[PDB]
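A structural walkthrough
Residues per chain are reported as follows:
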Amino acid sequence: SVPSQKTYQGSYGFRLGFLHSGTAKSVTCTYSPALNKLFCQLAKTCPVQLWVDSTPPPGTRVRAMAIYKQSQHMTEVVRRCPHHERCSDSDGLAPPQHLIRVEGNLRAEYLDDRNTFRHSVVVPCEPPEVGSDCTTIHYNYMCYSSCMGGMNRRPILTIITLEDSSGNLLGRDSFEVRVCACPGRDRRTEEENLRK
Ligand SMILES: CCn1c2ccc(C[NH2+]C)cc2c2ccc(-c3cnoc3)cc21
Ligand SMILES: [Zn+2]
């Protein structure tokens, strides 16, 4: 099966937000609103903001999962490639097979679904720090889009779901991801292709 990617704000008005990082050659993570696409370097911090219009209950959680974007590949589990799953870059918590990690959150939990075999990472939903308007999760993507035997140049989506304590759906948002060596140049190139 294929997890839903339908945008759903739900009762709490859940949606993502992204910083405005620009497209300089040196940028390590940059988001294109026109493409709804995040471009990032391998294993580098990707800040993703969480926004709600009203406060969700204690025990609400936030899950991230990757799927292939193209219909002919969406049934295949997105995982790290045969090299990266063996490179012993573990953070002590993420299984080495998982593409998506959460950085710097000791409460992150990693799921291998017993039925679909898909990977996901889930954290408690926390309120913004005093003085802030939103909460930020720091994600890492642990393979390049081009990795042979893994993503192998196939585009992926990240689906972020807001869930209750049982795992029921409260909200959903999503964005395409390209993990690449030069996110700034690739964002500029793909945005110009879209314009042309
Ligand atoms: C999704 C993260 N988030 C927000 C993001 C933006 C804004 C709006 N600021 C102007 C408010 C919240 C907010 C309020 C409460 C909680 C909460 C309580 N208990 O668990 C989670 C989580 C919250
Ligand atoms: Zn890889």
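Residues numbered from 1 in each chain as written, not as in the entry; some residues may be left out. Chains lettered and ligands numbered in written order. Heavy atoms only, no water. Residues with missing side-chain atoms left out of burial classes, pairs and counts.

Structure determination for this entry is recorded as X-ray crystallography, at 1.4000088608 Å resolution.

The name given to the protein chain in the PDB entry is Cellular tumor antigen p53, with the source organism recorded as Homo sapiens.

Glancing now at the environment of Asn140. Positionally, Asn140 belongs in strand β9 (residues 135–141). In the structure, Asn140 is positioned 93 residues away from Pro47 in sequence and 9.0 Å away in space, judged by C-alpha atoms. For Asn140, the residues in contact, after removing those within four places along its chain, are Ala43, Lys44, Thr45, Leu99, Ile100, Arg101 and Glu103. Polar contacts involving the side chain of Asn140 include one to the side chain of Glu103, which spans 3.0 Å. (Helix = DSSP H or I, 4+ residues; strand = E, 2+ residues; numbered from the N terminus. Contact = heavy atoms within 4.5 Å. Polar contact = N/O pair within 3.5 Å; in protein donor to acceptor, adjacent residues only side chain to side chain.)

Here we have four strands laid out as an open sheet, ordered β1-β4-β9-β6, and antiparallel in their pairing. Edge positions in the sheet fall to β1 (15–17) and β6 (100–102), since each has one partner strand and no second. Each neighbouring strand pair of the sheet contributes to a mean axis angle of 40°, computed without reference to strand direction. (Pairing = 2+ DSSP bridges. Axes fitted to C-alpha atoms, helices over the stretch in contact; angles between N-to-C directions.)

Distances from the zinc ion (ligand 2) to its protein donors, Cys81 (SG), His84 (ND1), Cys143 (SG) and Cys147 (SG), fall at 2.0 to 2.3 Å. Considering all four donor atoms around the zinc ion (ligand 2), the spread of angles at the metal, 106 to 115°, places the coordination shape in the tetrahedral class. We note that the donor set of the zinc ion (ligand 2) lies within a single chain, spaced as C-x2-H-x58-C-x3-C. Placement of the pair is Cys81 in the loop between β5 (61–68) and β6 and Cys147 in the loop between β9 and β10 (156–163), with a sequence separation of 66 residues. Owing to a relative accessible area of 8%, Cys147 belongs among the buried residues under this scheme. (Donors = N, O, S within 2.8 Å, 3.2 Å for Na, K, Ca; no water. Tetrahedral: all angles 85-135°; square planar, octahedral: opposite > 155°, others 65-115°. Buried < 20%, exposed > 50% of the residue type's maximum accessible area, 1.4 Å probe, protein only.)

On to the sheet that holds β10, then. Spatially, seven strands are ordered β2-β3-β11-β10-β5-β8-β7 in an open sheet, and the strand pairing comes out mixed. Single-partner strands in this sheet number two, and they are β2 (29–32) and β7 (109–112). Averaged over all adjacent pairs, the angle separating strand axes in this sheet is 25°, with direction ignored. Pairing analysis gives eight bridges linking β10 to strand β11 (residues 169–179), with the strands arranged antiparallel. Looking at the pairing, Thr158 lines up with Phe175 of β11.

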